[PDB]
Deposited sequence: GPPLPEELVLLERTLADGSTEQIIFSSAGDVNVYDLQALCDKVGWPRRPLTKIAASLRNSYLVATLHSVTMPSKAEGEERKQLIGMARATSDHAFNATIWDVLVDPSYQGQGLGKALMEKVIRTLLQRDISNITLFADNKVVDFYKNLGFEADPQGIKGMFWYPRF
């Protein structure tokens, strides 16, 4: 599956998917600010990105970063998906689903068979719709003294 794909063209702009890991940490910070996520040191955001097995992006080209998902992984059995995000201006258009499909497909192409995530209650059904299953066989996602 190619690194870059055009997911959509509309008249007014195209929406570009990429798995090359092309994220500017200021862009990602500004996007994270829109959904009100608290800021974290740019250098730590940068470190988290280059130590992610998969960094996937949505861009708006007329490049504007409008979405992103990333995954840690051991490159053999497991990947865990983090920081899934779509610009609120671009939500409700199917782009978040389209991002996650290409993410899942890229991981399966790389022979990662155990694809996991920790879903906020608000977005559980979004992932179920994509085929994720909570607590299969009673397995529990657990956190060491979380600060949530």
What residue ranges of the deposited sequence are absent from the coordinates?
-> 1-3, 16-20, 71-80
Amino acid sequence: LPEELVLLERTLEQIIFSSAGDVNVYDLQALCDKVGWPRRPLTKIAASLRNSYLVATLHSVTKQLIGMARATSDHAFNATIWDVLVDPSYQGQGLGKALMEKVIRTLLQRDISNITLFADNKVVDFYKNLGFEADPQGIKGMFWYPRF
From here on, numbers count along this sequence of modelled residues.
Please report whether at least a third of the other compared entries leave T11 without coordinates.
-> yes
If you average the Cα B factors in the entry, which is higher, 93-101 or 32-40?
-> 32-40
Taking the deposited Cα B-factors and averaging over 84-92 and over 41-49, the higher mean is found in 84-92
Per the deposited entry, the peak Cα B-factor within the set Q109, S60, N114, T57 goes to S60
Tell me, lowest, middle or highest third: where does the Cα B factor of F148 rank within its chain?
-> highest
According to the PDB entry, is the CA B factor of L65 in the bottom, middle or top third of its chain, that is, lowest, middle or highest?
-> highest
Using the B-factor values recorded in the entry, state whether the Cα atom of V25 falls in the lowest, middle or highest third among the modelled residues of its chain.
-> lowest
Sorting the chain's modelled residues by C-alpha B-factor, tell me whether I15 ends up in the lowest, middle or highest third.
-> highest
